[PDB]
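Protein chains in written order, with our numbering: chain A, 216 to 340; chain B, 216 to 340; chain C, 127 to 485; chain D, 58 to 600; chain E, 9 to 107; chain F, 313 to 363; chain G, 7 to 114; chain H, 111 to 223.
Each residue gets a CB set at the ideal place from its N, CA and C atoms; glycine is no exception.
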Amino acid sequence: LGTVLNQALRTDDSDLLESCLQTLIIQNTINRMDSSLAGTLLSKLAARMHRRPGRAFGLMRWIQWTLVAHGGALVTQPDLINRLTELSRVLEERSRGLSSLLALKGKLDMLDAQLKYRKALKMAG
Amino acid sequence: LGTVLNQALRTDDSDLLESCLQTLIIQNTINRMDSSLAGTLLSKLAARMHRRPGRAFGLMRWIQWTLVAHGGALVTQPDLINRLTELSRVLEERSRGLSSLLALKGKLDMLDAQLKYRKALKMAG
Amino acid sequence: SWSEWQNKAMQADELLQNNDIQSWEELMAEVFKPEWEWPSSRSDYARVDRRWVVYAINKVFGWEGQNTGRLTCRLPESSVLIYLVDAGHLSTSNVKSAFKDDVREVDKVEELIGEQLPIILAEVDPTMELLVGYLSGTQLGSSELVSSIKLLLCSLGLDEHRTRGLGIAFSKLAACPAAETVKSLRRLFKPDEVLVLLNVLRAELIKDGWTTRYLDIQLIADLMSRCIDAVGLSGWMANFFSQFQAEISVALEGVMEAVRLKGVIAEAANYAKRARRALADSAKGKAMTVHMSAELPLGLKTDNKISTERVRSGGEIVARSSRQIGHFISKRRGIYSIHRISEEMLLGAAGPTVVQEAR
Amino acid sequence: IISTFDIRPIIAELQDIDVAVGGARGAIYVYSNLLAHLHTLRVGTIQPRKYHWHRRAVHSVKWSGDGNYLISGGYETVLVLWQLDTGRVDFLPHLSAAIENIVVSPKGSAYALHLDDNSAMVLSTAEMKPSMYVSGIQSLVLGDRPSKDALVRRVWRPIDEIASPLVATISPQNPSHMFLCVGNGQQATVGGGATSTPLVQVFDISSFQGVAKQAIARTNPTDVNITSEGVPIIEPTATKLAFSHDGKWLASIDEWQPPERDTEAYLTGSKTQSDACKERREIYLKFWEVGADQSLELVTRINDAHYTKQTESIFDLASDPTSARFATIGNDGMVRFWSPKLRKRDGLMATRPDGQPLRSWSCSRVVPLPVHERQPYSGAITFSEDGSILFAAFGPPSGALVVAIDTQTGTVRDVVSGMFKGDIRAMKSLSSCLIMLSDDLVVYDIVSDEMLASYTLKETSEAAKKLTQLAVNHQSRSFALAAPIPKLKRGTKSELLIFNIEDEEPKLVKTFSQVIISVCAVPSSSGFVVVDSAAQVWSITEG
Amino acid sequence: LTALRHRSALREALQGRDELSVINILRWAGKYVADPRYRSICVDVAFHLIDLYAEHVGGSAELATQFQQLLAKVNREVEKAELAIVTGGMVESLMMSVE
Amino acid sequence: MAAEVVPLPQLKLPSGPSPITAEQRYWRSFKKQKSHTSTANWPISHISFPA
Amino acid sequence: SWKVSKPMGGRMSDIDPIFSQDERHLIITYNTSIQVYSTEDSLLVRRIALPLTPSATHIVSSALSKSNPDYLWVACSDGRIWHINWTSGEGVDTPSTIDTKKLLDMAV
Amino acid sequence: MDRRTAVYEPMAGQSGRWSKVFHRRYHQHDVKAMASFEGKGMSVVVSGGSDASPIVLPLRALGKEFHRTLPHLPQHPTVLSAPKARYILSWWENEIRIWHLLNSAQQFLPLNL
RNA sequence: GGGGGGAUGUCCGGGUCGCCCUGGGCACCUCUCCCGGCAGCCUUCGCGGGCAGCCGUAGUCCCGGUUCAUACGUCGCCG
């Protein structure tokens with residue numbers, strides 16, 4: 216799907232972008248794809264990072280493998296740092312609550328664990 | 216192995232403790248076992264927490280299920296809080312490095328990911 | 127000045143027994159520095175003295191001696207009262223100093239005052255804009271804040287002021303410590319009310335969107351988790367909770383992946399910025415070792431421009447001489463390099479073009 | 058660059074001279090025959106003999122009697138001796154501070170050194186042992202003559218300054234003695250741009266002599282004092298020390314973090330080097346016993362007395378005046394109460410080999426603090442004079458509040474908010490009044506719950522702002538604050554105000570041509586003792 | 009190592025090493041992150057060796073595997089520290105249920 | 313006063329919540345074991361030493 | 007009602023503490039005070055206070071009279087000179103000015 | 111072999127007694143041999159070691175003039191080229207070593223050098 | 001780093017079409033003052049101030065491509 220990727224990103228496609236993002240072959244596609252198109256991908260996936268932060272299982276692995284196969288593209292053309300610089304502000308909004316997002320779980324996950332016991336009293340009852 | 220557990224912990228056994236710890240049936244044993252013996256278990260597993268912090272996959276699940284089946288034992292006899300209070304200092308030595316233990320991985324795991332690419336250049340080569 | 131304030135309090139007592147609330151309120155405006163115009167900020171308020179604050183709250187609020195009294199609005203319609211609300215003078219320390227006489231024998235006065243005061247404010251203001259202003263302006267305790275959120279939830283569970291008040295009280299109880307919130311909230315709530323507050327923050331989380339996917343927080347943290355610790359095991363004795371902890375786990379693992387990739391994109395942007403610096407200097411012609419291929423150097427290292435300072439014994443610093451600077455550019459040179467001179471160099475104007483072998 | 062020099066006159070006439078000169082690069086030039094070289098328009102080619110050993114400045118260079126040894130000493134705490142007859146060096150290697158001065162006896166017998174920590178040692182030759190020993194107050198001094206290594210632009214230029222008032226406690230059961238924070242030396246303490254006191258000394262007030270000395274943190278008074286890059290060591294400073302009520306205990310806290318110039322690679326994203334060192338802060342607390350020979354001995358050490366996700370900088374410490382209980386507040390916000398127990402694990406009591414049981418302090422109580430955040434806090438605490446109740450100023454920006462907590466139960470007895478106009482500096486508790494200093498000064502009774510005294514103090518720089526400090530007397534109900542008169546420099550004045558408990562008029566107004574550094578209350582009788590940056594001390598007494 | 013961070017010469021101590029020397033020091037580090045009692049000092053040294061010998065990981069793959077076997081314990085060192093706090097919350101309000 | 317050259321004192325590392333006690337190391341320092349079997353592996357009736 | 011004690015002690019000045027004749031005593035220089043100690047007991051035998059007072063003035067130099075012993079020339083930043091005699095205190099109340107801009111050094 | 115060299119003068123006064131004036135590192139390896147000359151107004155000492163670079167010093171103006179690092183490389187360039195063949199040549203103890211450059215510079219004007 | 005200019009080379013509407021320009025992209029040399037330090041020289045005790053100031057970058061006749069490091073007094077055995 217690497218040529219599909221290349222096509223989509225040099226005409227600025229979103230439907231073809233979504234066709235590639237719905238689907239291992241991720242590794243295959245990014246080691247297939249090219250360099251400045253990987254920078255274009257990085258920019259608009261940052262847009263995605265902002266506009267929809269739900270389950271990240273696919274696309275954050277995708278930017279991993281993007282920086283794997285063609286992370287060295289944007290040192291060889293470094294002038295577009297604001298491609299990366301604009302990732303570089305989203306990340307710390309993305310960690311604000313982590314000052315207490317584990318302080319979330321432990322008081323709550325025990326209350327979880329209390330019903331696991333109150334279940335365990337009753338299915339034998 | 217619940218009577219094995221009960222036997223071992225009321226004579227202060229370590230070999231029989233190790234026989235129970237080498238091995239689902241964990242859930243079975245702790246819903247089998249008793250209350251003040253669960254407090255004794257909690258105390259000496261805290262000793263284990265200090266003296267050997269390697270792979271925690273078994274015994275930290277064990278203290279989970281301990282607090283599942285007989286976590287309410289030590290509210291019904293609360294005077295031995297130093298059983299729990301001495302867990303309550305080990306945990307935060309156990310999290311010191313987590314101020315930067317994810318700052319460990321991300322710079323390193325990319326360097327991992329760089330050899331995954333430099334492998335990927337070569338097995339096709 | 128003590129006799130002066132005693133005479134002023136006696137004159138205000140004379141105004142009270144004459145029931146001259148208009149002139150009394152104009153004296154209050156003169157002290158606080160009727161029209162009663164407002165500065166449009168909770169912050170820029172003139173500093174007022176504790177004796178006038180304590181006399182004001184003494185006159186406004188009341189108590190009932192039956193071994194358990196109750197503040198009442200002696201002045202339910204009062205610009206002085208809404209000024210105390212917006213300036214944040216309605217603290218438990220303030221009202222205890224106000225009613226030092228009759229609260230000396232009653233216990234649990236913090237719980238009593240912090241429960242009763244927002245209920246009083248709510249029956250004053252059904253629009254509860256005064257309540258949200260109190261929430262934003264006053265130093266609040268845990269009982270005060272949980273009764274405030276209780277009033278907001280019986281109000282809801284022209285439609286945005288209550289939501290802003292919810293957010294403000296969420297920030298403040300996120301600030302408050304866990305133990306006091308847990309004990310006072312075990313006191314003041316019922317497990318069904320805690321379930322409604324739980325669903326409120328569930329909606330908050332899922333509207334922030336951490337579960338609804340990509341490719342289609344401390345506040346709520348402290349609030350939702352501390353309140354369920356407050357209710358505890360006495361409440362429930364299901365699959366609701368099962369799906370609930372499932373989406374909790376989704377959000378947790380999402381944040382973990384986020385920190386991993388936080389690190390990598392942070393260092394990537396930093397190295398790209400230093401690479402912009404180095405390739406700017408290389409286009410200038412300072413001849414630094416930077417990468418040439420389209421792949422990341424395994425060492426995320428750049429050749430910085432040479433520090434013009436030279437550290438000497440013992441700690442003294444003299445500037446680097448051009449001789450050693452040339453020694454350093456020489457060691458930075460590689461094994462094979464094409465170093466083309468220009469005729470602009472030969473006349474003395476421009477610089478060369480350097481291309482070293484990729485090291 | 059010439060630092061100092063000495064000469065031997067070659068003699069019943071004056072036939073020649075030989076001059077050694079020492080310079081802050083660490084070098085000695087000795088010129089052999091200047092009179093014969095400059096008696097002869099034209100002169101011959103003169104060239105001194107070079108002698109480089111010291112890395113930092115050399116401070117004091119002289120000749121040995123018949124002049125066979127070039128004796129010297131400087132910053133690096135080594136008395137160095139050039140052999141001058143062969144190519145060897147002989148050194149008395151590890152002095153307590155930088156060698157400020159060297160002088161010679163009329164005979165070749167006795168050397169006398171002035172050492173940078175206010176000290177003087179007279180030795181006899183090849184005995185090298187303290188034959189006459191005198192030490193002083195060893196305080197941080199604003200130097201009239203600034204420094205001898207402040208001439209050639211070191212990486213950190215050492216600046217005569219005082220960034221914090223001095224930490225000191227008069228000993229109860231022996232008010233003639235006082236413990237006070239010091240480093241190995243004054244110039245070494247100020248080197249690195251941070252206060253470096255891994256040391257405490259006891260000093261007699263009835264006869265103003267430095268009695269004794271003992272370290273608290275890790276020290277290396279034998280290892281090298283300067284790193285290889287040229288940076289002198291910053292040491293764990295003894296931040297907080299307050300003495301027990303009984304005369305037997307002493308609890309201290311030390312802080313030590315890396316410098317920014319050393320972190321330098323722990324920066325990932327928004328991690329500044331300040332963030333890196335504020336993570337890598339290391340804060341010890343140590344409980345100590347004291348023997349009647351003024352012996353300071355360890356009983357416990359706690360590495361983590363205030364911990365959340367990262368370590369919490371611990372804010373204040375206070376002693377119960379009736380019991381062996383130490384309360385402390387940190388950045389956790391909890392106040393923790395520590396009492397000494399007997400080391401006895403399972404009935405076996407741990408006795409010292411002489412027989413006495415091993416005592417060890419422990420967190421007897423924990424009290425969390427309710428917070429009121431409106432839309433970088435600091436803590437301060439003081440017990441009552443009677444005990445049973447503790448007062449704790451929690452100290453965010455202007456919204457800040459004091460909390461009164463019982464001791465028999467951990468329950469809060471009172472909460473008083475809005476008594477600080479900014480961040481808190483400190484607070485004391487007299488017999489009935491709380492005397493707190495923020496940007497404001499507020500003396501405020503609580504049995505009447507009524508402010509008595511209030512002062513808007515003079516706005517200054519931040520150094521002077523911190524250098525304002527306060528102490529009560531508690532024998533006669535009178536308190537006193539020290540405040541400089543408006544970046545701090547040498548020509549600077551401070552004033553001390555004596556206040557009684559009941560009024561607002563000052564009971565004594567007196568300024569000082571230098572800035573007084575610390576004030577302390579005498580425990581036996583009324584009055585105080587105050588010590589000043591031009592490092593001198595004297596006591597105020599009523600009557 | 010506490011001495012060499014306290015007298016600030018860890019960077020000097022590690023900047024001049026060779027292949028086999030960093031093999032040994034990395035082996036010690038990878039052995040001894042897992043103790044939290046000195047995990048801080050160990051990860052300081054780990055940061056430094058990352059700063060100092062990440063360049064020739066492709067030149068010497070056996071050290072890249074050592075660089076990998078750094079992670080190969082660390083990826084479960086996240087799970088030890090995480091499941092610590094997972095257990096760390098399991099105790100704290102069971103204490104609250106006492107009262 | 314020439315400082316006494318003392319080498320680096322080791323750090324007093326903290327103790328876990330079950331130290332190995334003085335008496336524990338004592339009774340484990342009862343080390344040298346001889347395992348002497350009885351005649352015909354006779355179950356050992358009684359052993360004695362007087363005062 | 008409150009009263010101040012005399013400022014005693016002080017920081018030892020870098021000006022050379024000088025030996026005594028017969029090597030039995032040591033004249034050490036503080037700020038505002040010059041102290042002679044006896045070496046055998048290592049104990050003070052005389053402390054001589056000196057009023058310094060004009061912001062930053064200090065003892066600039068101090069020297070034994072080379073002509074007659076037990077005499078001390080002490081000099082400040084502004085030119086004020088004392089000729090006190092240790093084992094005693096005669097000369098502290100009578101300085102002499104030198105009419106300098108700023109007295110930087112002196113040698114007797 | 112501390113790559114270091116010193117100079118020493120007779121003490122004024124006392125006969126037969128000398129002392130070091132100073133020392134310094136000139137070379138980068140040891141100083142295996144040396145020779146001194148003082149003639150036709152040139153007082154020098156030549157020092158040779160193992161870093162191949164002779165270092166010469168003034169005697170009468172020691173500490174008055176800078177030294178001189180003679181070229182460690184021989185006087186003859188010992189480099190040859192067939193420019194039509196673009197062959198470069200260098201010989202030492204028994205071998206002649208030849209490199210061919212096979213390309214120009216304008217073609218490249220990193221990985222291919 | 002900014003604010004600005006004179007000048008180098010560049011594409012897209014382009015212009016009678018040439019000098020280049022406006023509208024977008026711009027990288028550089030230069031000048032300009034406000035950023036950080038560094039010096040000297042007068043001033044006042046100092047606090048401070050003033051004065052004409054340089055540098056924030058690159059390869060030299062040689063050449064600072066330097067100079068610099070922390071004690072003896074006593075060891076061994078085994079408890």
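- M144/H at chain D interface by Cβ criterion, 9 Å: One-based indexing of the eighth sequence puts residue 144/H at position 34. It does not: the Cβ of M144/H has no partner Cβ on chain D nearer than 9 Å.
- Task: Anything in chain G within Cβ reach of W595/D, meaning under 9 Å, just list it in chain order.
- Result: For this step, residue 595/D is matched to residue 538 along the fourth sequence. The contacting residues are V10, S11, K12, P13, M14, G15.
- Task: Run through the stretch 11-79 of chain G for me and flag every whole alpha helix (DSSP H) of 4 or more residues, listed as ranges in chain order.
- Result: As far as the stretch 11-79 of chain G is concerned, it has no whole alpha helix (DSSP H) run of at least 4 residues.
- Query: Could you give the distance in angstroms between the alpha-carbon of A284/B and the alpha-carbon of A364/C?
  - Reply: Residue 284/B sits at position 69 when you count from the first residue of the second sequence. Residue 364/C sits at position 238 when you count from the first residue of the third sequence. Answer to the nearest angstrom: the Cα atoms are 18 Å apart.
- Query: Leaving out five residues before and five after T279/D in sequence, what residues of the same chain have Cβ atoms less than 7 Å from its Cβ?
  - Reply: In the fourth sequence, the residue the question calls residue 279/D occupies position 222. Hits under 7 Å: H151.
- Task: Go to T226/D, then tell me how far its beta strand (DSSP E) extends in each direction, as first and last residue.
- Result: Residue 226/D sits at position 169 when you count from the first residue of the fourth sequence. Here the beta strand (DSSP E) through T226/D covers 225-227.
- Cross-chain neighbours of residue 23/D in chain C, by beta carbon under 7 Å: Shown here, chain D extends from 58 to 600; a query on residue 23/D therefore has no answer.
- Between the stretch 351-365 of chain C and the stretch 274-288 of chain A, do at least 3 Cβ pairs fall closer than 8 Å? Result no; under three Cβ-Cβ pairs closer than 8 Å.
- Message: Could you check whether the Cβ of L278/C sits closer than 8 Å to any heavy atom belonging to the ligand ADP?
- Response: Absence of the ligand ADP is noted for the structure shown, with no ligands found whatsoever.
- Task: With 9 Å as the C-beta to C-beta threshold (strictly closer), list the residues of the stretch 288-322 of chain B near chain D in chain order.
- Result: Within the stretch 288-322 of chain B, the residues whose Cβ lies closer than 9 Å to any Cβ of chain D are, in chain order, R304, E307, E308, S310, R311, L313, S314, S315, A318, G321, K322.
- Query: Alpha carbon to alpha carbon, what distance is there between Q532/D and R482/D?
  - Reply: In the fourth sequence, residue 482/D corresponds to position 425, counting from 1. In the fourth sequence, residue 532/D corresponds to position 475, counting from 1. Straight-line Cα distance between these residues: approximately 24 Å.
- Determine which residues of the stretch 311-340 of chain D have a Cβ less than 9 Å from any Cβ of chain A, and write them out in chain order. Taking 9 Å as the upper bound on Cβ-Cβ separation, chain A lies near residues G326, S327 of the stretch 311-340 of chain D.
- Message: One question on the structure: do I340/D and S16/E come within less than 9 Å of each other, judged by their Cβ atoms?
- Response: Indexing the fourth sequence from 1 puts residue 340/D at position 283. Indexing the fifth sequence from 1 puts residue 16/E at position 8. Contact flag unset, no.
- Do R211/D and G124/D have their CB atoms nearer than 9 Å? Position 154 of the fourth sequence holds residue 211/D. Position 67 of the fourth sequence holds residue 124/D. Cβ atoms of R211/D and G124/D: not closer than 9 Å.
- Query: Rounded to whole angstroms, how far is the Cβ of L223/H from the Cβ of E483/C, which I believe are closer than 8 Å?
  - Reply: Within the eighth sequence, the letter at position 113 stands for residue 223/H. Within the third sequence, the letter at position 357 stands for residue 483/C. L223/H to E483/C, Cβ: 4 Å. Contact.
- Task: Can you give me the start and stop residues for the beta strand (DSSP E) that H94/D sits inside?
- Result: The sequence position of residue 94/D within the fourth sequence is 37, counting from 1. First-last for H94/D: 91-95, but that is the alpha helix (DSSP H), not the beta strand (DSSP E).
- Message: Under 9 Å, Cβ to Cβ, is there at least one residue of chain E near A284/A?
- Response: Numbered from 1 along the first sequence, position 69 holds the residue referred to as residue 284/A. False, the Cβ-Cβ gap to chain E never drops below 9 Å.
- Message: Taking a contact to mean a Cβ-Cβ separation below 9 Å, would you say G380/C touches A271/A in this structure?
- Response: As a position in the third sequence, residue 380/C is number 254, starting the count at 1. As a position in the first sequence, residue 271/A is number 56, starting the count at 1. Yes. Within cutoff.
- DSSP three-state assignment for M98/E, whether helix, strand or coil: Within the fifth sequence, the letter at position 90 stands for residue 98/E. Here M98/E sits in helix by DSSP.
- Task: Using three-state DSSP, classify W336/C as helix, strand or coil.
- Result: As a working mapping, residue 336/C is identified with position 210 in the third sequence. Coil at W336/C, not helix or strand.
- Task: Could you please tell me which residues of the stretch 240-268 of chain B, in chain order, have their CB closer than 7 Å to any CB of chain E?
- Result: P268
- Message: Considering only the alpha carbon of each residue, which of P316/D, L565/D, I85/D, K401/D lies closest to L553/D?
- Response: Along the fourth sequence, one-based indexing puts residue 553/D at 496. Nearest C-alpha to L553/D: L565/D.
- Could one say the Cβ of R485/C lies closer than 9 Å to chain B's Cβ atoms, at least one of them? Start at 1 with the first residue of the third sequence, and residue 485/C comes out as number 359. No - not a single Cβ of chain B is within 9 Å of the one on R485/C.
- Determine the burial state of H186/H: buried for a count of at least 16 other Cβ atoms within 10 Å of its Cβ, exposed for fewer. The residue labelled residue 186/H in the question sits at position 76 within the eighth sequence. Exposed, by the Cβ-count rule.
- Message: Buried or exposed for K298/C, going by 16 or more other Cβ atoms inside 10 Å?
- Response: Counting from 1 along the third sequence, the entry for residue 298/C is found at position 172. So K298/C ends up on the buried side.
- Pull up the distance between the alpha-carbon of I67/D and that of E519/D, whole angstroms please. Counting from one through the fourth sequence, the residue named residue 67/D turns up at place 10. Counting from one through the fourth sequence, the residue named residue 519/D turns up at place 462. Their Cα atoms are separated by approximately 56 Å.
- Task: Would you check if the distance between the CB atom of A207/D and the CB atom of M189/D is smaller than 9 Å?
- Result: Here the question's residue 207/D lines up with position 150 in the fourth sequence. Here the question's residue 189/D lines up with position 132 in the fourth sequence. No, these two residues do not count as a Cβ contact at 9 Å.
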